[PDB]
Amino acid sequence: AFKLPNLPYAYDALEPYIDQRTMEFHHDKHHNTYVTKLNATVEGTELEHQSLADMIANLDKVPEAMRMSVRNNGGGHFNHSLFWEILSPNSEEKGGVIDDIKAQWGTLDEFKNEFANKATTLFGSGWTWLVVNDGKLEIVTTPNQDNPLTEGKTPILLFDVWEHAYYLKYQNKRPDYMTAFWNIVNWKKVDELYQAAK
């Protein structure tokens, strides 16, 4: 069975960037729902003992009756799991990954500008991601709980732009939530993932 992870920090540890109340609803309600619905699909099946990354990377091979829930709920679980771990109260822009960002984009700010343009223009619910695609860094978006693993790309960083992730504090002002985000990225985690993927 899949389990809801504990937050690696207090619920109020990302203030004033993300409110305590949002961290509660986002983790204890929204993420918990994807996990529960995911378990209802996979529990008692072959898929319970497969890695979630393997399942999402090969959705096509999931039985037709289970596929939508693995996509949506399995996506939800994976996506929110990674998200908590790439946030940190002690965010410092440090890691070898950032040296490589700098090489491709010219400066970290030019990278932040692209990620911002993509995340503020993503229409409806979804995520903006930094990924490795054949040894190379690229910024992509997905709708809803879709995941770049399904397209052959490894995620090392992600940003939630479903409105539940920012509405209580920021309401319509997603660009401010983007600006806030940069202050809380666990780049140490981003870089562990980067070093594993390339």
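Position 1 is the first residue in the sequence shown; the rest follow in order.
- The mean C-alpha temperature factor is higher for 104-112 when 104-112 and 117-125 are set side by side.
- Note on 94-102 vs 78-86: mean CA B-factor is higher in 94-102.
- Among the modelled residues of its chain, residue 62 has a C-alpha B-factor that falls in the highest third according to the deposited record.
- Ranked within its chain, residue 142 lands in the lowest third, by CA B factor from the PDB record.
- Residue 27 sits in the lowest third of its chain by CA B factor, as recorded in the PDB entry.
- Per the deposited record, the Cα B-factor of residue 130 falls in the lowest third when ranked against the other modelled residues of its chain.
- For residue 164, the recorded CA temperature factor ranks within the lowest third of the chain's modelled residues.
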